[PDB]
>>> print(open('structure.pdb').read())   # PDB, C-alpha atoms and all ligand atoms
ATOM      1  CA  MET F   1      -1.217 -13.844   7.354  1.00  0.00           C
ATOM      2  CA  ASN F   2      -3.155 -10.611   7.320  1.00  0.00           C
ATOM      3  CA  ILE F   3      -2.979  -7.105   5.862  1.00  0.00           C
ATOM      4  CA  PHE F   4      -0.689  -5.924   8.570  1.00  0.00           C
ATOM      5  CA  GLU F   5       1.876  -8.622   8.240  1.00  0.00           C
ATOM      6  CA  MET F   6       1.593  -8.402   4.496  1.00  0.00           C
ATOM      7  CA  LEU F   7       2.424  -4.696   4.421  1.00  0.00           C
ATOM      8  CA  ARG F   8       5.085  -5.049   7.122  1.00  0.00           C
ATOM      9  CA  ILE F   9       6.815  -7.400   4.698  1.00  0.00           C
ATOM     10  CA  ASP F  10       6.417  -5.176   1.621  1.00  0.00           C
ATOM     11  CA  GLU F  11       7.375  -1.924   3.334  1.00  0.00           C
ATOM     12  CA  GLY F  12       9.824  -2.957   5.979  1.00  0.00           C
ATOM     13  CA  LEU F  13      10.359  -0.950   9.165  1.00  0.00           C
ATOM     14  CA  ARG F  14      12.782   2.013   9.448  1.00  0.00           C
ATOM     15  CA  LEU F  15      13.061   4.161  12.602  1.00  0.00           C
ATOM     16  CA  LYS F  16      14.909   6.999  10.977  1.00  0.00           C
ATOM     17  CA  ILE F  17      13.755   9.213   8.086  1.00  0.00           C
ATOM     18  CA  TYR F  18      14.560   7.568   4.779  1.00  0.00           C
ATOM     19  CA  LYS F  19      13.829   7.976   1.110  1.00  0.00           C
ATOM     20  CA  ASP F  20      11.421   5.560  -0.551  1.00  0.00           C
ATOM     21  CA  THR F  21      11.773   3.947  -4.073  1.00  0.00           C
ATOM     22  CA  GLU F  22      10.670   7.263  -5.618  1.00  0.00           C
ATOM     23  CA  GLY F  23      13.123   9.304  -3.512  1.00  0.00           C
ATOM     24  CA  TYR F  24      10.484  10.803  -1.103  1.00  0.00           C
ATOM     25  CA  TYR F  25      10.995  11.173   2.590  1.00  0.00           C
ATOM     26  CA  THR F  26       9.323   8.455   4.528  1.00  0.00           C
ATOM     27  CA  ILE F  27       9.625   6.829   7.965  1.00  0.00           C
ATOM     28  CA  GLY F  28       8.415   3.724   9.820  1.00  0.00           C
ATOM     29  CA  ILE F  29       6.351   1.218   7.854  1.00  0.00           C
ATOM     30  CA  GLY F  30       6.095   3.147   4.596  1.00  0.00           C
ATOM     31  CA  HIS F  31       4.641   6.296   6.102  1.00  0.00           C
ATOM     32  CA  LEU F  32       5.249   8.945   3.427  1.00  0.00           C
ATOM     33  CA  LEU F  33       6.077  12.250   5.028  1.00  0.00           C
ATOM     34  CA  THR F  34       6.332  14.664   2.094  1.00  0.00           C
ATOM     35  CA  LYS F  35       7.043  14.855  -1.653  1.00  0.00           C
ATOM     36  CA  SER F  36       9.251  17.823  -0.975  1.00  0.00           C
ATOM     37  CA  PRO F  37      13.012  17.559  -1.379  1.00  0.00           C
ATOM     38  CA  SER F  38      13.493  19.419   1.805  1.00  0.00           C
ATOM     39  CA  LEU F  39      14.569  17.380   4.735  1.00  0.00           C
ATOM     40  CA  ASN F  40      13.437  20.035   7.096  1.00  0.00           C
ATOM     41  CA  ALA F  41      10.034  20.008   5.639  1.00  0.00           C
ATOM     42  CA  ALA F  42      10.083  16.253   6.269  1.00  0.00           C
ATOM     43  CA  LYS F  43      11.248  16.711   9.861  1.00  0.00           C
ATOM     44  CA  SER F  44       8.463  19.221  10.373  1.00  0.00           C
ATOM     45  CA  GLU F  45       5.772  16.854   8.961  1.00  0.00           C
ATOM     46  CA  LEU F  46       7.185  14.103  11.139  1.00  0.00           C
ATOM     47  CA  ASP F  47       6.968  16.128  14.363  1.00  0.00           C
ATOM     48  CA  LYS F  48       3.431  17.159  13.541  1.00  0.00           C
ATOM     49  CA  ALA F  49       2.470  13.480  12.904  1.00  0.00           C
ATOM     50  CA  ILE F  50       4.011  12.309  16.194  1.00  0.00           C
ATOM     51  CA  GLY F  51       3.185  15.197  18.413  1.00  0.00           C
ATOM     52  CA  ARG F  52       6.743  15.805  19.688  1.00  0.00           C
ATOM     53  CA  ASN F  53      10.166  17.042  18.521  1.00  0.00           C
ATOM     54  CA  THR F  54      11.548  13.856  17.193  1.00  0.00           C
ATOM     55  CA  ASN F  55      14.684  15.045  15.536  1.00  0.00           C
ATOM     56  CA  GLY F  56      13.983  12.490  12.613  1.00  0.00           C
ATOM     57  CA  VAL F  57      13.875   9.439  14.817  1.00  0.00           C
ATOM     58  CA  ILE F  58      10.824   7.569  16.306  1.00  0.00           C
ATOM     59  CA  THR F  59      10.337   4.500  18.317  1.00  0.00           C
ATOM     60  CA  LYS F  60       8.879   1.179  17.224  1.00  0.00           C
ATOM     61  CA  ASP F  61       5.586   1.904  18.948  1.00  0.00           C
ATOM     62  CA  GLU F  62       5.269   5.256  17.222  1.00  0.00           C
ATOM     63  CA  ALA F  63       5.940   3.620  13.898  1.00  0.00           C
ATOM     64  CA  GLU F  64       3.282   0.995  14.566  1.00  0.00           C
ATOM     65  CA  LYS F  65       0.891   3.697  15.559  1.00  0.00           C
ATOM     66  CA  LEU F  66       1.346   5.582  12.269  1.00  0.00           C
ATOM     67  CA  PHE F  67       0.973   2.196  10.540  1.00  0.00           C
ATOM     68  CA  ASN F  68      -2.296   1.435  12.182  1.00  0.00           C
ATOM     69  CA  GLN F  69      -3.574   4.908  11.205  1.00  0.00           C
ATOM     70  CA  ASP F  70      -2.440   4.423   7.631  1.00  0.00           C
ATOM     71  CA  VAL F  71      -4.079   1.024   7.196  1.00  0.00           C
ATOM     72  CA  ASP F  72      -7.268   2.355   8.631  1.00  0.00           C
ATOM     73  CA  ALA F  73      -7.168   5.347   6.330  1.00  0.00           C
ATOM     74  CA  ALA F  74      -6.530   3.179   3.329  1.00  0.00           C
ATOM     75  CA  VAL F  75      -9.636   0.996   4.071  1.00  0.00           C
ATOM     76  CA  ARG F  76     -11.691   4.074   4.653  1.00  0.00           C
ATOM     77  CA  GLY F  77     -10.499   5.563   1.365  1.00  0.00           C
ATOM     78  CA  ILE F  78     -11.662   2.533  -0.585  1.00  0.00           C
ATOM     79  CA  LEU F  79     -15.112   2.505   1.135  1.00  0.00           C
ATOM     80  CA  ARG F  80     -15.508   6.145   0.364  1.00  0.00           C
ATOM     81  CA  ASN F  81     -14.608   5.812  -3.294  1.00  0.00           C
ATOM     82  CA  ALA F  82     -17.425   5.045  -5.656  1.00  0.00           C
ATOM     83  CA  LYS F  83     -15.174   3.373  -8.172  1.00  0.00           C
ATOM     84  CA  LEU F  84     -13.448   1.223  -5.543  1.00  0.00           C
ATOM     85  CA  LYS F  85     -16.039   0.182  -3.065  1.00  0.00           C
ATOM     86  CA  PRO F  86     -18.114  -2.015  -5.310  1.00  0.00           C
ATOM     87  CA  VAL F  87     -15.091  -3.921  -6.447  1.00  0.00           C
ATOM     88  CA  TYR F  88     -13.815  -4.264  -2.982  1.00  0.00           C
ATOM     89  CA  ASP F  89     -17.137  -5.494  -1.630  1.00  0.00           C
ATOM     90  CA  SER F  90     -17.276  -8.120  -4.350  1.00  0.00           C
ATOM     91  CA  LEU F  91     -13.958  -9.694  -3.307  1.00  0.00           C
ATOM     92  CA  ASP F  92     -13.059 -12.357  -0.808  1.00  0.00           C
ATOM     93  CA  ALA F  93     -10.923 -11.526   2.252  1.00  0.00           C
ATOM     94  CA  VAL F  94      -7.538 -12.390   0.770  1.00  0.00           C
ATOM     95  CA  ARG F  95      -8.121 -10.408  -2.375  1.00  0.00           C
ATOM     96  CA  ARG F  96      -9.342  -7.481  -0.315  1.00  0.00           C
ATOM     97  CA  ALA F  97      -5.946  -7.422   1.434  1.00  0.00           C
ATOM     98  CA  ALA F  98      -4.328  -7.105  -1.989  1.00  0.00           C
ATOM     99  CA  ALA F  99      -6.570  -4.104  -2.795  1.00  0.00           C
ATOM    100  CA  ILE F 100      -5.578  -2.495   0.470  1.00  0.00           C
ATOM    101  CA  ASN F 101      -1.886  -2.939  -0.197  1.00  0.00           C
ATOM    102  CA  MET F 102      -2.204  -1.238  -3.546  1.00  0.00           C
ATOM    103  CA  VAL F 103      -4.086   1.700  -2.119  1.00  0.00           C
ATOM    104  CA  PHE F 104      -1.631   2.068   0.731  1.00  0.00           C
ATOM    105  CA  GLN F 105       1.117   2.172  -1.851  1.00  0.00           C
ATOM    106  CA  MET F 106      -0.269   4.490  -4.510  1.00  0.00           C
ATOM    107  CA  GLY F 107      -3.319   6.073  -3.173  1.00  0.00           C
ATOM    108  CA  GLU F 108      -6.916   5.778  -3.914  1.00  0.00           C
ATOM    109  CA  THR F 109      -6.877   7.890  -7.010  1.00  0.00           C
ATOM    110  CA  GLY F 110      -3.967   5.928  -8.228  1.00  0.00           C
ATOM    111  CA  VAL F 111      -5.815   2.627  -7.904  1.00  0.00           C
ATOM    112  CA  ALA F 112      -9.145   4.165  -9.080  1.00  0.00           C
ATOM    113  CA  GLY F 113      -7.380   4.611 -12.346  1.00  0.00           C
ATOM    114  CA  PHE F 114      -6.926   0.923 -13.102  1.00  0.00           C
ATOM    115  CA  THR F 115     -10.288   0.861 -14.736  1.00  0.00           C
ATOM    116  CA  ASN F 116      -9.899  -2.137 -16.810  1.00  0.00           C
ATOM    117  CA  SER F 117      -8.317  -4.242 -14.025  1.00  0.00           C
ATOM    118  CA  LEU F 118     -11.024  -3.113 -11.679  1.00  0.00           C
ATOM    119  CA  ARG F 119     -13.663  -4.512 -13.979  1.00  0.00           C
ATOM    120  CA  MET F 120     -11.882  -7.821 -14.514  1.00  0.00           C
ATOM    121  CA  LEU F 121     -11.519  -8.223 -10.797  1.00  0.00           C
ATOM    122  CA  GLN F 122     -15.215  -7.480 -10.314  1.00  0.00           C
ATOM    123  CA  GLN F 123     -15.989 -10.106 -12.913  1.00  0.00           C
ATOM    124  CA  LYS F 124     -13.605 -12.628 -11.175  1.00  0.00           C
ATOM    125  CA  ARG F 125     -11.537 -12.999 -14.319  1.00  0.00           C
ATOM    126  CA  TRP F 126      -8.338 -13.574 -12.306  1.00  0.00           C
ATOM    127  CA  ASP F 127      -5.784 -14.416 -14.946  1.00  0.00           C
ATOM    128  CA  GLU F 128      -6.921 -11.658 -17.201  1.00  0.00           C
ATOM    129  CA  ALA F 129      -6.791  -9.135 -14.410  1.00  0.00           C
ATOM    130  CA  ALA F 130      -3.278 -10.334 -13.586  1.00  0.00           C
ATOM    131  CA  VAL F 131      -2.062  -9.703 -17.022  1.00  0.00           C
ATOM    132  CA  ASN F 132      -3.643  -6.327 -17.218  1.00  0.00           C
ATOM    133  CA  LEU F 133      -2.349  -5.296 -13.856  1.00  0.00           C
ATOM    134  CA  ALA F 134       1.294  -5.957 -14.967  1.00  0.00           C
ATOM    135  CA  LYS F 135       0.949  -3.522 -17.878  1.00  0.00           C
ATOM    136  CA  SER F 136       1.667  -0.552 -15.640  1.00  0.00           C
ATOM    137  CA  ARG F 137       4.349   1.695 -14.468  1.00  0.00           C
ATOM    138  CA  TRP F 138       3.768   0.313 -10.935  1.00  0.00           C
ATOM    139  CA  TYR F 139       4.831  -3.121 -12.074  1.00  0.00           C
ATOM    140  CA  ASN F 140       7.876  -1.944 -14.033  1.00  0.00           C
ATOM    141  CA  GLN F 141       9.131   0.226 -11.155  1.00  0.00           C
ATOM    142  CA  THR F 142       8.590  -2.301  -8.203  1.00  0.00           C
ATOM    143  CA  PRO F 143       8.241  -5.524 -10.015  1.00  0.00           C
ATOM    144  CA  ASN F 144       8.963  -7.839  -6.983  1.00  0.00           C
ATOM    145  CA  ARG F 145       6.323  -6.217  -4.824  1.00  0.00           C
ATOM    146  CA  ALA F 146       3.845  -5.937  -7.754  1.00  0.00           C
ATOM    147  CA  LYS F 147       4.323  -9.679  -8.528  1.00  0.00           C
ATOM    148  CA  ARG F 148       3.449 -10.618  -4.938  1.00  0.00           C
ATOM    149  CA  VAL F 149       0.267  -8.470  -4.950  1.00  0.00           C
ATOM    150  CA  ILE F 150      -0.688  -9.681  -8.425  1.00  0.00           C
ATOM    151  CA  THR F 151      -0.315 -13.328  -7.457  1.00  0.00           C
ATOM    152  CA  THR F 152      -2.470 -12.678  -4.426  1.00  0.00           C
ATOM    153  CA  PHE F 153      -5.266 -11.272  -6.651  1.00  0.00           C
ATOM    154  CA  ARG F 154      -4.638 -14.111  -9.070  1.00  0.00           C
ATOM    155  CA  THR F 155      -4.852 -16.933  -6.605  1.00  0.00           C
ATOM    156  CA  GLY F 156      -6.800 -15.676  -3.656  1.00  0.00           C
ATOM    157  CA  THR F 157      -4.098 -17.300  -1.384  1.00  0.00           C
ATOM    158  CA  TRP F 158      -1.174 -15.936   0.555  1.00  0.00           C
ATOM    159  CA  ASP F 159       1.320 -18.070  -1.273  1.00  0.00           C
ATOM    160  CA  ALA F 160       3.481 -15.272  -2.538  1.00  0.00           C
ATOM    161  CA  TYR F 161       4.032 -14.203   1.012  1.00  0.00           C
ATOM    162  CA  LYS F 162       5.158 -17.563   2.497  1.00  0.00           C
TER     163      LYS F 162
HETATM  164 CL    CL D 201      -0.483  11.675  10.144  1.00  0.00          CL
HETATM  165 CL    CL D 202       9.528  -4.400  -5.551  1.00  0.00          CL
HETATM  166 XE    XE D 203     -10.567  -2.395  -5.142  1.00  0.00          XE
HETATM  167 XE    XE D 204      -8.060  -2.783  -6.278  1.00  0.00          XE
HETATM  168 XE    XE D 205      -6.950  -2.696  -9.080  1.00  0.00          XE
END
>>> encode(input="structure.pdb", output="structure tokens")
Amino acid sequence: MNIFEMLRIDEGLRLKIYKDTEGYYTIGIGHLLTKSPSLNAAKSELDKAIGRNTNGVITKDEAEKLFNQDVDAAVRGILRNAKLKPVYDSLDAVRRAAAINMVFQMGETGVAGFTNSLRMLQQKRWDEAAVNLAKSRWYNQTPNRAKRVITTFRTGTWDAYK
């Protein structure tokens, strides 16, 4: 298991524009297109992202391409953030994958706000972090996904994904 397979499982793969759990237009492997309610705005952001007139549909390769870009951006966002990087560098490989998933999902600012959990993770207080991480809107809105990520930070193993 790795970050890619992990996110492919949590996000799924959809070749046509769809709405995510918050109702925003998305495509591929969780590639958010726009927060706007306008489908045309979404079609325009998609065409710009792909480089062609897609008419709201892309191929598997195009999806995987956007996915690679998005994972890369997520890692880079963590490294660039002064509140995230030190935590991230303190973690083992498995746990780092969990941090990437969260950022991919809610953004760097979003994760940078889990101050208290950040500190517990840095201190390697796994069970405590786990409990604090569940006290969030993220967990109440996508509890199955949040449980899998939480267990991963908790245990340092990929068990929740097997
Ligand atoms: Cl893009
Ligand atoms: Cl979920
Ligand atoms: Xe992190
Ligand atoms: Xe994190
Ligand atoms: Xe976190």
>>> atom_distance(input="structure.pdb", atom1="CA of residue 47 (chain F)", atom2="CA of residue 68 (chain F)")
17.5 Å
>>> resolve_selection(input="structure.pdb", expression="the PyMOL selection byres (((chain F and resi 100-115) around 10) and not hetatm)", output="PyMOL selection string")
chain F and resi 3-4+6-7+10-11+30-32+70-78+80-85+88+95-99+116-121+132-133+136+138+145-146+149-150
>>> write_last_selection(input="structure.pdb", atoms="C-alpha atoms", output="PDB file, keeping the file's coordinate frame")
ATOM      1  CA  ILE F   3      -2.979  -7.105   5.862  1.00  0.00           C
ATOM      2  CA  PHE F   4      -0.689  -5.924   8.570  1.00  0.00           C
ATOM      3  CA  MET F   6       1.593  -8.402   4.496  1.00  0.00           C
ATOM      4  CA  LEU F   7       2.424  -4.696   4.421  1.00  0.00           C
ATOM      5  CA  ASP F  10       6.417  -5.176   1.621  1.00  0.00           C
ATOM      6  CA  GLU F  11       7.375  -1.924   3.334  1.00  0.00           C
ATOM      7  CA  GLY F  30       6.095   3.147   4.596  1.00  0.00           C
ATOM      8  CA  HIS F  31       4.641   6.296   6.102  1.00  0.00           C
ATOM      9  CA  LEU F  32       5.249   8.945   3.427  1.00  0.00           C
ATOM     10  CA  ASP F  70      -2.440   4.423   7.631  1.00  0.00           C
ATOM     11  CA  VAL F  71      -4.079   1.024   7.196  1.00  0.00           C
ATOM     12  CA  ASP F  72      -7.268   2.355   8.631  1.00  0.00           C
ATOM     13  CA  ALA F  73      -7.168   5.347   6.330  1.00  0.00           C
ATOM     14  CA  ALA F  74      -6.530   3.179   3.329  1.00  0.00           C
ATOM     15  CA  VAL F  75      -9.636   0.996   4.071  1.00  0.00           C
ATOM     16  CA  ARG F  76     -11.691   4.074   4.653  1.00  0.00           C
ATOM     17  CA  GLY F  77     -10.499   5.563   1.365  1.00  0.00           C
ATOM     18  CA  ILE F  78     -11.662   2.533  -0.585  1.00  0.00           C
ATOM     19  CA  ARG F  80     -15.508   6.145   0.364  1.00  0.00           C
ATOM     20  CA  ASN F  81     -14.608   5.812  -3.294  1.00  0.00           C
ATOM     21  CA  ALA F  82     -17.425   5.045  -5.656  1.00  0.00           C
ATOM     22  CA  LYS F  83     -15.174   3.373  -8.172  1.00  0.00           C
ATOM     23  CA  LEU F  84     -13.448   1.223  -5.543  1.00  0.00           C
ATOM     24  CA  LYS F  85     -16.039   0.182  -3.065  1.00  0.00           C
ATOM     25  CA  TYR F  88     -13.815  -4.264  -2.982  1.00  0.00           C
ATOM     26  CA  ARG F  95      -8.121 -10.408  -2.375  1.00  0.00           C
ATOM     27  CA  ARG F  96      -9.342  -7.481  -0.315  1.00  0.00           C
ATOM     28  CA  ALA F  97      -5.946  -7.422   1.434  1.00  0.00           C
ATOM     29  CA  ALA F  98      -4.328  -7.105  -1.989  1.00  0.00           C
ATOM     30  CA  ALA F  99      -6.570  -4.104  -2.795  1.00  0.00           C
ATOM     31  CA  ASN F 116      -9.899  -2.137 -16.810  1.00  0.00           C
ATOM     32  CA  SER F 117      -8.317  -4.242 -14.025  1.00  0.00           C
ATOM     33  CA  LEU F 118     -11.024  -3.113 -11.679  1.00  0.00           C
ATOM     34  CA  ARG F 119     -13.663  -4.512 -13.979  1.00  0.00           C
ATOM     35  CA  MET F 120     -11.882  -7.821 -14.514  1.00  0.00           C
ATOM     36  CA  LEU F 121     -11.519  -8.223 -10.797  1.00  0.00           C
ATOM     37  CA  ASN F 132      -3.643  -6.327 -17.218  1.00  0.00           C
ATOM     38  CA  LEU F 133      -2.349  -5.296 -13.856  1.00  0.00           C
ATOM     39  CA  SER F 136       1.667  -0.552 -15.640  1.00  0.00           C
ATOM     40  CA  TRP F 138       3.768   0.313 -10.935  1.00  0.00           C
ATOM     41  CA  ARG F 145       6.323  -6.217  -4.824  1.00  0.00           C
ATOM     42  CA  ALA F 146       3.845  -5.937  -7.754  1.00  0.00           C
ATOM     43  CA  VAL F 149       0.267  -8.470  -4.950  1.00  0.00           C
ATOM     44  CA  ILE F 150      -0.688  -9.681  -8.425  1.00  0.00           C
TER      45      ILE F 150
END
>>> residues_near_point(input="structure.pdb", point="(11.3, 11.3, 0.4)", cutoff="12 Å", atoms="all atoms listed in the file", output="list in words")
residues 16, 17, 18, 19, 20, 21, 22, 23, 24, 25, 26, 27, 30, 31, 32, 33, 34, 35, 36, 37, 38, 39, 40, 41, 42, 43, 45 and 46 of chain F
>>> closest_atom_pairs(input="structure.pdb", of="chain F", to="ligand CL 202 (chain D)", cutoff="6 Å", atoms="only C-alpha atoms and all ligand atoms", output="JSON lines")
{"residue": "F:142", "atom": "CA", "partner": "D:CL202", "partner_atom": "CL", "distance": 3.5}
{"residue": "F:143", "atom": "CA", "partner": "D:CL202", "partner_atom": "CL", "distance": 4.8}
{"residue": "F:144", "atom": "CA", "partner": "D:CL202", "partner_atom": "CL", "distance": 3.8}
{"residue": "F:145", "atom": "CA", "partner": "D:CL202", "partner_atom": "CL", "distance": 3.8}
>>> atom_distance(input="structure.pdb", atom1="atom XE of ligand XE 204 (chain D)", atom2="CA of residue 122 (chain F)")
9.5 Å
>>> closest_residue(input="structure.pdb", among="F:60, F:48, F:148, F:153", to="residue 125 (chain F)", atoms="all atoms listed in the file")
F:153
>>> atom_distance(input="structure.pdb", atom1="CA of residue 87 (chain F)", atom2="CA of residue 124 (chain F)")
10.0 Å
>>> resolve_selection(input="structure.pdb", expression="the PyMOL selection byres (((chain F and resi 158) around 9) and not hetatm)", output="JSON list (two decimals) with C-alpha atoms, in the coordinates of the input")
[["chain", "number", "residue", "atom", "x", "y", "z"],
["F", 1, "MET", "CA", -1.22, -13.84, 7.35],
["F", 2, "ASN", "CA", -3.16, -10.61, 7.32],
["F", 6, "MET", "CA", 1.59, -8.40, 4.50],
["F", 94, "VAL", "CA", -7.54, -12.39, 0.77],
["F", 148, "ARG", "CA", 3.45, -10.62, -4.94],
["F", 151, "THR", "CA", -0.32, -13.33, -7.46],
["F", 152, "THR", "CA", -2.47, -12.68, -4.43],
["F", 155, "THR", "CA", -4.85, -16.93, -6.60],
["F", 156, "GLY", "CA", -6.80, -15.68, -3.66],
["F", 157, "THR", "CA", -4.10, -17.30, -1.38],
["F", 159, "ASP", "CA", 1.32, -18.07, -1.27],
["F", 160, "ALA", "CA", 3.48, -15.27, -2.54],
["F", 161, "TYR", "CA", 4.03, -14.20, 1.01],
["F", 162, "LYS", "CA", 5.16, -17.56, 2.50]]
>>> closest_residue(input="structure.pdb", among="F:134, F:58, F:91, F:123", to="ligand XE 204 (chain D)", atoms="all atoms listed in the file")
F:91
>>> closest_residue(input="structure.pdb", among="F:140, F:129, F:64, F:14", to="ligand XE 205 (chain D)", atoms="only C-alpha atoms and all ligand atoms")
F:129
>>> closest_residue(input="structure.pdb", among="F:50, F:15, F:57, F:130", to="ligand CL 201 (chain D)", atoms="all atoms listed in the file")
F:50
>>> closest_residue(input="structure.pdb", among="F:89, F:128, F:54, F:137", to="ligand XE 204 (chain D)", atoms="all atoms listed in the file")
F:89
>>> closest_residue(input="structure.pdb", among="F:135, F:147, F:154, F:65", to="ligand CL 201 (chain D)", atoms="only C-alpha atoms and all ligand atoms")
F:65
>>> axis_aligned_box(input="structure.pdb", around="region 99-104 of chain F", padding_each_side="8 Å", output="JSON")
{"center_x": -4.1, "center_y": -1.0, "center_z": -1.4, "size_x": 20.9, "size_y": 22.2, "size_z": 20.3}
